[PDB]
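Note: the block below is model25.txt and it holds compact mmCIF, C-alpha atoms and all ligand atoms.
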# COMPACT_ATOMS: atom_id res chain seq x y z
CA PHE G 16 19.71 4.17 -7.86
CA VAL G 17 19.12 2.27 -11.10
CA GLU G 18 20.42 -0.85 -9.31
CA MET G 19 17.11 -0.81 -7.31
CA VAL G 20 14.83 -0.23 -10.37
CA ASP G 21 12.47 -3.18 -11.01
CA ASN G 22 13.33 -4.90 -7.68
CA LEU G 23 9.64 -5.60 -6.78
CA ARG G 24 7.59 -8.49 -8.19
CA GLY G 25 4.22 -10.05 -7.47
CA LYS G 26 0.89 -11.35 -8.70
CA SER G 27 -2.35 -9.39 -9.02
CA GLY G 28 -4.12 -9.23 -5.62
CA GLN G 29 -1.25 -10.99 -3.75
CA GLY G 30 0.78 -7.77 -3.02
CA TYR G 31 4.34 -6.71 -3.96
CA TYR G 32 7.48 -8.35 -2.64
CA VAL G 33 11.22 -7.54 -2.60
CA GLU G 34 14.13 -10.01 -2.31
CA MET G 35 15.88 -9.99 1.06
CA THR G 36 18.54 -12.04 2.86
CA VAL G 37 18.65 -13.03 6.49
CA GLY G 38 21.48 -14.47 8.64
CA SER G 39 25.04 -15.63 7.93
CA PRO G 40 25.38 -17.18 5.45
CA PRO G 41 22.57 -15.29 3.70
CA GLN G 42 19.28 -17.14 3.34
CA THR G 43 17.27 -15.56 0.47
CA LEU G 44 13.56 -14.85 1.06
CA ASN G 45 10.87 -12.92 -0.78
CA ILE G 46 9.27 -10.44 1.56
CA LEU G 47 6.10 -8.50 1.01
CA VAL G 48 6.57 -4.70 1.21
CA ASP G 49 3.94 -3.35 3.60
CA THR G 50 3.69 0.33 4.55
CA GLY G 51 0.55 -0.55 6.60
CA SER G 52 2.39 -2.42 9.40
CA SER G 53 5.69 -2.25 11.30
CA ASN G 54 7.03 -5.78 11.95
CA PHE G 55 9.61 -7.67 9.98
CA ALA G 56 8.05 -11.16 10.17
CA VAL G 57 9.04 -14.29 8.20
CA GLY G 58 8.05 -17.94 7.94
CA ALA G 59 10.43 -19.97 10.11
CA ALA G 60 8.70 -23.34 9.69
CA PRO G 61 7.82 -25.61 6.75
CA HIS G 62 4.25 -24.59 6.05
CA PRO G 63 3.31 -26.47 2.83
CA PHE G 64 2.38 -23.31 0.93
CA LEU G 65 5.79 -21.72 1.50
CA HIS G 66 8.57 -22.04 -1.06
CA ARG G 67 11.29 -21.33 1.56
CA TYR G 68 11.70 -20.26 5.19
CA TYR G 69 14.08 -18.88 7.85
CA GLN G 70 16.20 -21.66 9.26
CA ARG G 71 17.85 -20.12 12.34
CA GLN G 72 19.88 -23.24 13.11
CA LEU G 73 21.81 -22.34 9.90
CA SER G 74 22.78 -18.80 11.02
CA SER G 75 25.87 -17.94 13.03
CA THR G 76 24.72 -14.37 13.54
CA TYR G 77 21.23 -15.29 14.94
CA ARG G 78 20.25 -14.15 18.47
CA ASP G 79 17.17 -15.03 20.45
CA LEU G 80 15.29 -12.26 22.29
CA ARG G 81 13.48 -14.87 24.37
CA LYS G 82 10.06 -13.41 23.82
CA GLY G 83 7.09 -14.25 21.61
CA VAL G 84 4.64 -12.17 19.56
CA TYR G 85 1.01 -12.92 18.76
CA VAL G 86 -0.53 -10.81 15.94
CA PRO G 87 -4.28 -11.23 15.33
CA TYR G 88 -6.12 -9.44 12.55
CA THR G 89 -9.56 -9.77 10.85
CA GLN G 90 -10.16 -13.44 10.04
CA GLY G 91 -6.49 -14.44 10.59
CA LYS G 92 -3.34 -14.37 12.67
CA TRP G 93 0.39 -15.03 12.72
CA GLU G 94 2.44 -15.82 15.76
CA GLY G 95 6.13 -16.20 16.45
CA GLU G 96 9.41 -15.91 18.25
CA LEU G 97 11.42 -12.68 18.33
CA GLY G 98 15.15 -12.48 17.66
CA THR G 99 17.64 -10.39 15.72
CA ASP G 100 20.03 -11.29 12.90
CA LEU G 101 21.89 -9.77 9.90
CA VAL G 102 19.74 -8.53 6.99
CA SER G 103 20.50 -7.25 3.53
CA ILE G 104 18.50 -6.25 0.43
CA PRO G 105 20.41 -7.61 -2.63
CA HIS G 106 18.81 -5.09 -5.04
CA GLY G 107 18.91 -2.35 -2.33
CA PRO G 108 21.72 -0.37 -0.77
CA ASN G 109 25.02 -2.07 -0.13
CA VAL G 110 24.64 -2.43 3.63
CA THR G 111 23.92 -5.15 6.19
CA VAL G 112 22.02 -4.23 9.33
CA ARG G 113 21.10 -6.08 12.51
CA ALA G 114 17.30 -6.03 12.71
CA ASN G 115 14.50 -7.56 14.65
CA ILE G 116 13.04 -10.68 12.98
CA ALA G 117 9.82 -12.37 14.11
CA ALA G 118 10.16 -16.08 13.25
CA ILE G 119 6.60 -17.11 12.36
CA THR G 120 6.03 -20.56 13.93
CA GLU G 121 2.22 -20.58 13.54
CA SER G 122 -0.29 -18.72 11.36
CA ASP G 123 -3.88 -18.72 10.08
CA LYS G 124 -5.01 -17.15 6.75
CA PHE G 125 -1.69 -15.28 6.46
CA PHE G 126 0.34 -17.01 3.78
CA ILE G 127 -1.40 -17.26 0.38
CA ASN G 128 -1.56 -20.61 -1.39
CA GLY G 129 0.30 -20.15 -4.64
CA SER G 130 2.09 -16.97 -3.61
CA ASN G 131 5.81 -16.66 -3.93
CA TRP G 132 6.48 -14.63 -0.77
CA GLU G 133 7.44 -15.96 2.68
CA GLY G 134 7.50 -12.84 4.90
CA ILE G 135 6.25 -9.29 5.50
CA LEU G 136 8.35 -6.10 5.82
CA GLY G 137 6.51 -3.55 7.95
CA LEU G 138 7.76 -0.13 6.78
CA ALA G 139 5.42 1.91 9.08
CA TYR G 140 6.51 3.23 12.50
CA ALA G 141 7.24 1.76 15.94
CA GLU G 142 4.06 3.16 17.50
CA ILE G 143 2.13 0.21 15.92
CA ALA G 144 4.95 -2.36 16.14
CA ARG G 145 4.12 -5.52 18.02
CA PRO G 146 4.16 -6.49 20.76
CA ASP G 147 4.82 -2.83 21.69
CA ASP G 148 6.57 0.31 20.41
CA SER G 149 10.02 -0.76 21.70
CA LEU G 150 10.45 -3.38 18.98
CA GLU G 151 12.52 -1.29 16.56
CA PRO G 152 11.22 -1.54 12.98
CA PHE G 153 13.60 -2.62 10.20
CA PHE G 154 13.74 0.70 8.50
CA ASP G 155 14.58 2.54 11.76
CA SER G 156 17.42 0.01 12.34
CA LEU G 157 18.60 0.46 8.74
CA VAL G 158 18.74 4.24 9.02
CA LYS G 159 20.16 4.25 12.58
CA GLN G 160 23.04 1.85 11.63
CA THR G 161 23.93 3.21 8.20
CA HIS G 162 24.26 6.47 6.31
CA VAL G 163 21.16 5.53 4.29
CA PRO G 164 18.99 8.69 4.19
CA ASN G 165 15.70 8.40 6.07
CA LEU G 166 13.43 7.97 3.08
CA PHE G 167 12.21 5.33 0.63
CA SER G 168 9.98 5.53 -2.49
CA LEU G 169 7.67 3.13 -4.23
CA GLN G 170 6.70 2.67 -7.89
CA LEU G 171 4.00 0.01 -8.04
CA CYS G 172 3.24 -0.82 -11.69
CA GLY G 173 1.51 -4.21 -12.08
CA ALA G 174 1.02 -5.88 -15.49
CA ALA G 185 -0.77 -11.91 -14.30
CA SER G 186 2.67 -11.05 -12.96
CA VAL G 187 3.21 -7.52 -11.53
CA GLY G 188 6.35 -5.41 -11.00
CA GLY G 189 7.75 -2.24 -9.48
CA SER G 190 10.61 -0.50 -7.68
CA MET G 191 11.42 0.22 -4.07
CA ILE G 192 14.15 2.86 -3.97
CA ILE G 193 15.65 2.77 -0.51
CA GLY G 194 17.32 6.06 0.51
CA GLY G 195 16.27 8.19 -2.40
CA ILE G 196 14.21 9.32 -5.34
CA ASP G 197 14.76 8.17 -9.00
CA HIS G 198 13.38 10.81 -11.41
CA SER G 199 13.07 8.30 -14.20
CA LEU G 200 10.12 6.76 -12.34
CA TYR G 201 7.95 9.90 -12.44
CA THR G 202 6.91 12.73 -14.71
CA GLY G 203 6.02 16.29 -13.76
CA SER G 204 6.40 17.29 -10.18
CA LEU G 205 6.17 15.76 -6.74
CA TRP G 206 3.58 17.27 -4.44
CA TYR G 207 3.76 16.58 -0.74
CA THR G 208 1.16 16.02 1.93
CA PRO G 209 2.15 15.99 5.64
CA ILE G 210 2.37 12.79 7.67
CA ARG G 211 -0.01 13.74 10.47
CA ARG G 212 1.39 11.23 12.98
CA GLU G 213 4.21 8.68 12.80
CA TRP G 214 2.38 5.43 13.42
CA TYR G 215 0.76 4.45 10.12
CA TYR G 216 1.58 6.67 7.22
CA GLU G 217 -1.35 8.91 8.09
CA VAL G 218 -2.56 11.76 5.91
CA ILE G 219 -5.63 14.02 5.57
CA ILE G 220 -8.00 14.01 2.58
CA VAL G 221 -9.57 17.47 2.44
CA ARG G 222 -11.87 17.13 -0.53
CA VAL G 223 -13.10 14.42 -2.89
CA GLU G 224 -14.43 14.71 -6.41
CA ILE G 225 -15.95 12.14 -8.72
CA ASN G 226 -15.61 13.19 -12.35
CA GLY G 227 -15.13 16.82 -11.23
CA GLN G 228 -18.26 17.16 -9.12
CA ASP G 229 -17.60 16.72 -5.45
CA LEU G 230 -19.38 15.02 -2.59
CA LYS G 231 -19.83 18.12 -0.43
CA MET G 232 -19.30 15.92 2.66
CA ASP G 233 -17.86 17.29 5.88
CA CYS G 234 -14.26 16.54 4.90
CA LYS G 235 -13.91 15.09 8.47
CA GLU G 236 -15.81 12.03 7.24
CA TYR G 237 -13.13 11.34 4.57
CA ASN G 238 -10.75 10.71 7.48
CA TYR G 239 -13.04 8.87 10.04
CA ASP G 240 -11.07 7.75 12.03
CA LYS G 241 -8.00 7.64 9.76
CA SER G 242 -6.63 7.92 6.29
CA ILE G 243 -3.53 5.91 5.44
CA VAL G 244 -1.24 5.01 2.60
CA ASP G 245 -0.82 1.28 2.51
CA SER G 246 0.97 -0.86 -0.07
CA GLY G 247 -0.39 -4.04 1.67
CA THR G 248 -4.03 -3.40 0.75
CA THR G 249 -5.27 -3.76 -2.83
CA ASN G 250 -8.21 -1.43 -2.77
CA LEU G 251 -9.10 2.16 -2.26
CA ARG G 252 -11.03 1.63 0.91
CA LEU G 253 -13.42 4.41 2.06
CA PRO G 254 -15.45 4.91 5.25
CA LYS G 255 -19.10 3.84 4.97
CA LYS G 256 -20.87 7.22 4.53
CA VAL G 257 -18.06 8.25 2.17
CA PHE G 258 -18.33 4.89 0.39
CA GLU G 259 -22.10 5.14 -0.20
CA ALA G 260 -21.83 8.80 -1.20
CA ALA G 261 -18.93 7.81 -3.47
CA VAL G 262 -20.55 4.77 -5.07
CA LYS G 263 -23.90 6.60 -5.36
CA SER G 264 -22.10 9.22 -7.41
CA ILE G 265 -20.13 6.64 -9.45
CA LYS G 266 -23.36 4.70 -9.95
CA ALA G 267 -24.98 7.88 -11.37
CA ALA G 268 -22.05 8.97 -13.62
CA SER G 269 -21.98 5.40 -14.96
CA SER G 270 -25.71 5.08 -15.73
CA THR G 271 -24.93 4.28 -19.42
CA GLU G 272 -25.12 0.58 -18.35
CA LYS G 273 -26.71 -1.44 -15.51
CA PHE G 274 -24.82 -3.68 -13.04
CA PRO G 275 -25.74 -5.87 -10.06
CA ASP G 276 -26.15 -3.92 -6.81
CA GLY G 277 -23.91 -6.44 -4.93
CA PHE G 278 -21.14 -5.85 -7.49
CA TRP G 279 -20.38 -2.42 -5.94
CA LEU G 280 -20.24 -4.23 -2.55
CA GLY G 281 -17.54 -6.70 -3.83
CA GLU G 282 -19.86 -9.71 -3.34
CA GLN G 283 -19.92 -10.32 -7.08
CA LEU G 284 -17.70 -9.80 -10.14
CA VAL G 285 -18.84 -8.11 -13.33
CA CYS G 286 -17.61 -8.69 -16.92
CA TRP G 287 -17.55 -7.66 -20.56
CA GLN G 288 -16.58 -9.60 -23.70
CA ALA G 289 -12.83 -9.83 -24.43
CA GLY G 290 -11.46 -6.44 -25.57
CA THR G 291 -14.85 -4.75 -24.97
CA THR G 292 -14.51 -2.86 -21.64
CA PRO G 293 -16.21 0.59 -21.67
CA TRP G 294 -13.62 2.88 -20.03
CA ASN G 295 -15.31 6.21 -20.59
CA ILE G 296 -18.58 5.33 -18.85
CA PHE G 297 -16.47 5.58 -15.66
CA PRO G 298 -15.50 8.81 -13.90
CA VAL G 299 -11.98 9.83 -12.84
CA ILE G 300 -11.72 10.05 -9.00
CA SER G 301 -9.80 12.91 -7.41
CA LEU G 302 -8.62 13.06 -3.83
CA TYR G 303 -7.47 16.48 -2.63
CA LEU G 304 -4.77 16.00 0.02
CA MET G 305 -3.60 18.55 2.58
CA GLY G 306 -0.55 20.39 1.23
CA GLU G 307 2.60 21.81 2.86
CA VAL G 308 1.37 25.38 3.31
CA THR G 309 -1.64 26.76 5.22
CA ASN G 310 -4.82 26.80 3.07
CA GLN G 311 -2.98 25.03 0.18
CA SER G 312 -3.86 21.62 -1.18
CA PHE G 313 -3.07 19.52 -4.21
CA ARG G 314 -5.00 16.70 -5.82
CA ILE G 315 -4.43 13.19 -7.10
CA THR G 316 -6.71 11.77 -9.80
CA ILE G 317 -6.99 8.08 -10.74
CA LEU G 318 -8.60 6.46 -13.79
CA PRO G 319 -11.09 3.53 -13.88
CA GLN G 320 -8.21 1.18 -14.86
CA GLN G 321 -7.08 1.78 -11.23
CA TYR G 322 -10.41 1.09 -9.43
CA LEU G 323 -11.50 -1.60 -11.96
CA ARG G 324 -8.88 -4.41 -11.72
CA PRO G 325 -9.09 -7.76 -13.70
CA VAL G 326 -9.71 -11.01 -11.76
CA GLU G 327 -6.68 -13.07 -12.90
CA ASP G 328 -8.41 -16.40 -13.47
CA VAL G 329 -12.01 -17.49 -13.00
CA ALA G 330 -12.24 -21.34 -13.12
CA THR G 331 -15.85 -20.95 -14.34
CA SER G 332 -15.36 -18.14 -17.00
CA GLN G 333 -13.51 -16.85 -20.17
CA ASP G 334 -14.14 -13.03 -20.42
CA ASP G 335 -12.64 -9.71 -19.21
CA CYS G 336 -13.97 -9.88 -15.62
CA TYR G 337 -12.93 -6.99 -13.43
CA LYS G 338 -13.66 -6.40 -9.79
CA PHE G 339 -14.59 -3.02 -8.32
CA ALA G 340 -11.58 -2.09 -6.19
CA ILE G 341 -13.35 0.47 -3.94
CA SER G 342 -14.85 -0.83 -0.70
CA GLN G 343 -16.26 0.09 2.73
CA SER G 344 -14.24 0.32 5.95
CA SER G 345 -14.28 0.73 9.69
CA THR G 346 -10.59 1.61 10.21
CA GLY G 347 -10.62 4.64 7.89
CA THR G 348 -9.60 5.41 4.33
CA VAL G 349 -6.84 3.13 3.03
CA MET G 350 -5.04 4.19 -0.10
CA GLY G 351 -3.78 0.88 -1.45
CA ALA G 352 -2.57 -0.41 -4.78
CA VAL G 353 -5.62 1.21 -6.47
CA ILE G 354 -4.24 4.65 -5.61
CA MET G 355 -0.52 3.90 -5.45
CA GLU G 356 -0.38 2.25 -8.92
CA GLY G 357 -1.19 5.59 -10.53
CA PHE G 358 1.68 7.41 -8.80
CA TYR G 359 5.33 7.34 -7.75
CA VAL G 360 5.08 7.62 -3.97
CA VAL G 361 7.78 9.10 -1.75
CA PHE G 362 7.85 8.28 1.93
CA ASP G 363 9.85 11.21 3.20
CA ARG G 364 10.35 10.11 6.75
CA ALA G 365 13.06 12.76 7.36
CA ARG G 366 10.49 15.53 6.69
CA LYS G 367 7.26 13.99 8.01
CA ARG G 368 5.70 13.99 4.53
CA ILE G 369 4.57 11.86 1.60
CA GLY G 370 5.11 12.92 -1.98
CA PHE G 371 2.98 12.07 -4.98
CA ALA G 372 3.96 12.39 -8.67
CA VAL G 373 2.39 10.90 -11.82
CA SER G 374 3.98 7.47 -12.23
CA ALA G 375 6.17 6.82 -15.25
CA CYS G 376 4.30 3.50 -15.53
CA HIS G 377 0.62 3.98 -14.73
CA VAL G 378 -1.65 2.27 -17.29
CA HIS G 379 -3.05 5.15 -19.45
CA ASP G 380 -5.07 5.42 -22.70
CA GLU G 381 -5.29 8.12 -25.44
CA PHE G 382 -8.13 9.98 -23.66
CA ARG G 383 -7.23 10.53 -19.99
CA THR G 384 -4.25 10.18 -17.58
CA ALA G 385 -3.54 9.85 -13.85
CA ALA G 386 -2.69 13.36 -12.58
CA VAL G 387 -1.14 15.17 -9.68
CA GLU G 388 -2.16 18.87 -9.69
CA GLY G 389 -1.96 22.00 -7.53
CA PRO G 390 -1.91 24.24 -5.71
CA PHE G 391 -5.51 24.74 -4.74
CA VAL G 392 -6.96 26.94 -2.01
CA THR G 393 -8.71 24.85 0.65
CA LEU G 394 -9.74 26.37 3.97
CA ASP G 395 -10.01 24.65 7.36
CA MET G 396 -7.92 21.62 6.34
CA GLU G 397 -7.21 20.81 10.05
CA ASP G 398 -10.91 20.41 10.76
CA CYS G 399 -10.72 17.39 8.40
CA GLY G 400 -8.57 15.48 10.92
CA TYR G 401 -10.37 13.23 13.45
CA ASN G 402 -9.52 13.27 17.24
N1 LIG G 501 -1.31 -3.15 5.42
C1 LIG G 501 -1.70 -4.22 5.97
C2 LIG G 501 -3.05 -4.58 5.94
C3 LIG G 501 -3.45 -5.75 6.55
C4 LIG G 501 -2.50 -6.53 7.19
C5 LIG G 501 -2.83 -7.72 7.83
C6 LIG G 501 -1.86 -8.46 8.46
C7 LIG G 501 -0.55 -8.03 8.47
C8 LIG G 501 -0.20 -6.85 7.84
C9 LIG G 501 -1.16 -6.09 7.20
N2 LIG G 501 -0.77 -4.96 6.60
Give the structure from the file, written as C-alpha cells.
Amino acid sequence: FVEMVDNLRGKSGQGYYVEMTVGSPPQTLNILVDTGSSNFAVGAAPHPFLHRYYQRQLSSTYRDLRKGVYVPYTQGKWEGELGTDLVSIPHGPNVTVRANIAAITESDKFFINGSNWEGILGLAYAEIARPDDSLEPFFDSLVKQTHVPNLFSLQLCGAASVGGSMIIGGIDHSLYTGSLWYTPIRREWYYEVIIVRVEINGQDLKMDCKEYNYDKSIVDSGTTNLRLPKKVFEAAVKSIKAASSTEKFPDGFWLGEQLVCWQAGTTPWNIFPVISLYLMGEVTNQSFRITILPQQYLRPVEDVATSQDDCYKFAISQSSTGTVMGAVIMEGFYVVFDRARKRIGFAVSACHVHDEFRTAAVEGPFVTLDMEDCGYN
C-alpha cells in the first residue's frame, strides 16, 4: 500500500484532492476527496478558474446517460450532464472501472479561484446521491467491478500546501500509532455516527447526549471545521471561553466573523483546552474517545493582504444539519472507513501536529449507558 502513501495534496481551507484519470485515452484531473457527498462530478467546460477539464469529445469510452443533474447547496450550485466512462486512480489500486461521471456544465460558488482541483469525488453512499439513489457512487462501482476490498482510509496531515494519503482497499499501519477504535456507521447515507459524551479539558458539558447528534453527526473530509449544533456550540464555546480566560478576545471571533492573532512565534497553546468526543463503541455500554489539541481547532489563515502576524481562525462553528467532523477532527487521526463492517475506525495519526506537552489521543474502553438514546429520530 506504500504506492498510495502521500497521494493527497491541497491548500489550507481548500480541501484535499487526489489525482484521477477519466476516459480513453486517460485525461488527468485533480479531484477533491469528499466523504460528505456521493457524486463523482467534474468540470467539463472551460471555466476560467479551472486548470483543466473533462473533454468528452476526446474519449472513445464515453457514454451519455441522456439525463441532467442539478445540485443546489447553501449559497451555491453545480449542474451537469450524466454519463459513464473509464476511471482510474494513478496512485491507487491498479484497476480501471466504469463509473458515473457528472459533467459540470454550469456552477456558482463551487470551484475556488486559485485552487488546483477540478472535480469532487463523493465517497458517501447512494442514499444521498443525486438526482436519486440509483446513481451508483464511484466507490460502489469500484468495489462491485474489482476485487478491491470494500474499505478505504484517510490520513489528512496538512502543513501553505497540505498533504495526506487515501489508501483504497486497506489499512497502512505506518500511518497510525497505537490502536484503532471503531464506532458504528448508524446508517449508510452519510458516514453517520453517534457522539455519546463531550468533554472540554476533562470536564464535560452534561448535555442530553441527544443534542450532540441533532439531527445528525457525520464524518466529512469536505468540511474544514468541527461544526456543532447551536446549543452544543454555545455550551462548548462557553466552556472554551471559560477555560481560556487567561486572555480576552472579541466575542465575534468565536462566531467566525473575525480573525484573531498573536505576534510571530508567540501563540499561547496551553491557554486552550483539549476537546474530547466520546463515540459509541462496538459493544453495548462501551465507548471510546477521541481528543484533539488546539492546533486542530485553531488553524492559521494562510495569507491576510492587510496583515503580517500569526493569525489563526477558530475552526469550531454552529450548524443546522448536525455535527460535522471535518479536517479539524480528521487531521488528528488516521480514519478508516470500514464499509464492509458498517463502522469507522479512529487511531492517533502518525502525522498530527503535536508539541512536547500534549498529544491527540484515541482511548478506551469506557462505560457509557444509554448510547442509543443519543441518536435522533
Ligand atoms: N462534504 C461536503 C460539504 C459541502 C458540500 C457542498 C457541495 C458539494 C459537496 C459538499 N460536500
Please identify the residues whose atoms come within 8 Å of ligand LIG 501 (chain G), using all atoms listed in the file, and report them as a short mmCIF file (atom, residue, chain, number, x, y, z; two decimals) with C-alpha atoms, in the coordinates of the input.
data_model
loop_
_atom_site.label_atom_id
_atom_site.label_comp_id
_atom_site.auth_asym_id
_atom_site.auth_seq_id
_atom_site.Cartn_x
_atom_site.Cartn_y
_atom_site.Cartn_z
CA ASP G 49 3.94 -3.35 3.60
CA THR G 50 3.69 0.33 4.55
CA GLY G 51 0.55 -0.55 6.60
CA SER G 52 2.39 -2.42 9.40
CA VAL G 86 -0.53 -10.81 15.94
CA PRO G 87 -4.28 -11.23 15.33
CA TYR G 88 -6.12 -9.44 12.55
CA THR G 89 -9.56 -9.77 10.85
CA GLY G 91 -6.49 -14.44 10.59
CA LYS G 92 -3.34 -14.37 12.67
CA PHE G 125 -1.69 -15.28 6.46
CA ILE G 135 6.25 -9.29 5.50
CA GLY G 137 6.51 -3.55 7.95
CA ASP G 245 -0.82 1.28 2.51
CA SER G 246 0.97 -0.86 -0.07
CA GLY G 247 -0.39 -4.04 1.67
CA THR G 248 -4.03 -3.40 0.75
#
Inset, instruction - Pick out the closest residue to residue 120 of chain G from this set: G:165, G:226, G:149, G:71. Count all atoms listed in the file. - result: G:71
Segment 153-200 of chain G residues near segment 359-380 of chain G within 8 Å, closest pair each, using only C-alpha atoms, as a Markdown table:
| residue | atom | partner | partner_atom | distance |
| --- | --- | --- | --- | --- |
| G:164 | CA | G:365 | CA | 7.9 |
| G:165 | CA | G:365 | CA | 5.3 |
| G:166 | CA | G:363 | CA | 4.8 |
| G:167 | CA | G:362 | CA | 5.4 |
| G:168 | CA | G:361 | CA | 4.3 |
| G:169 | CA | G:360 | CA | 5.2 |
| G:170 | CA | G:359 | CA | 4.9 |
| G:171 | CA | G:359 | CA | 7.5 |
| G:172 | CA | G:376 | CA | 5.9 |
| G:196 | CA | G:361 | CA | 7.4 |
| G:199 | CA | G:375 | CA | 7.1 |
| G:200 | CA | G:375 | CA | 4.9 |
Store the residues of this selection in a file with C-alpha atoms, as an mmCIF file, in the frame of the given file.
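Result file is part00.cif:
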data_model
loop_
_atom_site.group_PDB
_atom_site.id
_atom_site.type_symbol
_atom_site.label_atom_id
_atom_site.label_comp_id
_atom_site.auth_asym_id
_atom_site.auth_seq_id
_atom_site.Cartn_x
_atom_site.Cartn_y
_atom_site.Cartn_z
ATOM 1 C CA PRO G 164 18.990 8.690 4.190
ATOM 2 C CA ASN G 165 15.700 8.400 6.070
ATOM 3 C CA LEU G 166 13.430 7.970 3.080
ATOM 4 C CA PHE G 167 12.210 5.330 0.630
ATOM 5 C CA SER G 168 9.980 5.530 -2.490
ATOM 6 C CA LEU G 169 7.670 3.130 -4.230
ATOM 7 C CA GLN G 170 6.700 2.670 -7.890
ATOM 8 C CA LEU G 171 4.000 0.010 -8.040
ATOM 9 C CA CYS G 172 3.240 -0.820 -11.690
ATOM 10 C CA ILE G 196 14.210 9.320 -5.340
ATOM 11 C CA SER G 199 13.070 8.300 -14.200
ATOM 12 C CA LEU G 200 10.120 6.760 -12.340
#
Inset, instruction - Identify the residues around (-12.9, -6.1, -12.0) within a radius of 8 Å, measuring from all atoms listed in the file in the coordinates stated by the file, and give them as an MDAnalysis selection string. - result: chainID G and resid 284:286 323:326 336:340
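Remark: for residue 230 of chain G, the closest of the candidate residues G:261, G:218, G:205, G:56 is G:261 (distances computed over all atoms listed in the file).
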Inset, instruction - Would you mind listing what lies within 9 Å of residue 395 of chain G as a PyMOL selection string, with only C-alpha atoms counted and same-chain residues fewer than 5 positions away left out? - result: chain G and resi 221+309-310
